[PDB]
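Input: a single structure, listed below in structure tokens.
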Amino acid sequence: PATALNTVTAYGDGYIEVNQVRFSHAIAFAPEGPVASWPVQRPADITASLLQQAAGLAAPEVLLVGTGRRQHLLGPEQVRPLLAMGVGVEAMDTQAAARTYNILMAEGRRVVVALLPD
């Protein structure tokens, strides 16, 4: 029916609050579904394999990637498979990723977000 959507509630130094619950480990999620844990810890150990599993939960317009405190450029070997699927990815510091997610979500776009906290 009218399923409630996942919403980034607050952002903090060292945490993202989703649906009023704090997370201090990396997570990934779409508007619908659970807020899943994402096996990453440094923008350095981010792999296309990891990006696809995050996006792999529901085909999505954009995969937002929060690389933590500051933006971290993702390379061709990270991002190509996804484009190979017409999925566009955007890396940016985490507080912006979270905030950009709420927006893309509010205007009803098919969006997934992956975030490394702190």
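Here, each number is a calculation from the coordinates, and none is a lab measurement. Here the Cβ positions follow ideal geometry from the backbone for every residue, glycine too, while neighbour counts run over all protein chains shown.
Overview of results
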{"item": "Residue count for the range 40-54, restricted to those that are out of contact with any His (no Cβ under 6 Å at 6 or more places or on another chain), surrounded by 13 or more Cβ atoms within 10 Å (Cβ to Cβ) and not polar (S, T, N, Q)", "result": "6"}
{"item": "Within the range 100-118, tally of residues that are over 13 Å from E61 (Cα atoms) and among the charged types (D, E, K, R)", "result": "1"}
{"item": "Any hit, the range 96-115, residues being in a loop (DSSP other than H, G, I, E, B) and touching a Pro at 6+ places or on another chain (Cβ under 6 Å)", "result": "yes"}
{"item": "Residue satisfying all of: in the range 81-118; β-branched (V, I, T) and closer than 22 Å to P39 by Cβ; surrounded by the most Cβ atoms within 10 Å (Cβ to Cβ) among these", "result": "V113"}
{"item": "Any hit, the range 14-35, residues being over 30 Å from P1 (Cβ atoms) and out of contact with any strand residue (DSSP E or B) (no Cβ under 8 Å at 6 or more places or on another chain)", "result": "yes"}
{"item": "Identity of the residue in the range 71-88, touching a strand residue (DSSP E or B) at 6+ places or on another chain (Cβ under 9 Å) and of a type outside the set (A, V, I, L, M), that ends up nearest to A98 (Cα to Cα)", "result": "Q71"}
{"item": "Selected residue (criterion: farthest from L82 (Cα to Cα)) from residues of the range 41-54 that are hydrophobic (A, V, I, L, M, F, W, C) and part of a helix (DSSP H, G or I)", "result": "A44"}
{"item": "From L57, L73, residue being in a loop (DSSP other than H, G, I, E, B), surrounded by fewer than 15 Cβ atoms within 10 Å (Cβ to Cβ) and not polar (S, T, N, Q)", "result": "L73"}
{"item": "Leading residue by the ranking (nearest to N102 (Cα to Cα)) among those in the range 36-70 that are in contact with a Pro (Cβ under 9 Å, 6 or more places away or on another chain) and hydrophobic (A, V, I, L, M, F, W, C)", "result": "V65"}
{"item": "Lone unmet requirement of (1) surrounded by fewer than 18 Cβ atoms within 10 Å (Cβ to Cβ); (2) at positive phi for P34", "result": "(2)"}
{"item": "Flag if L64 is part of a helix (DSSP H, G or I) and surrounded by 15 or more Cβ atoms within 10 Å (Cβ to Cβ)", "result": "no"}
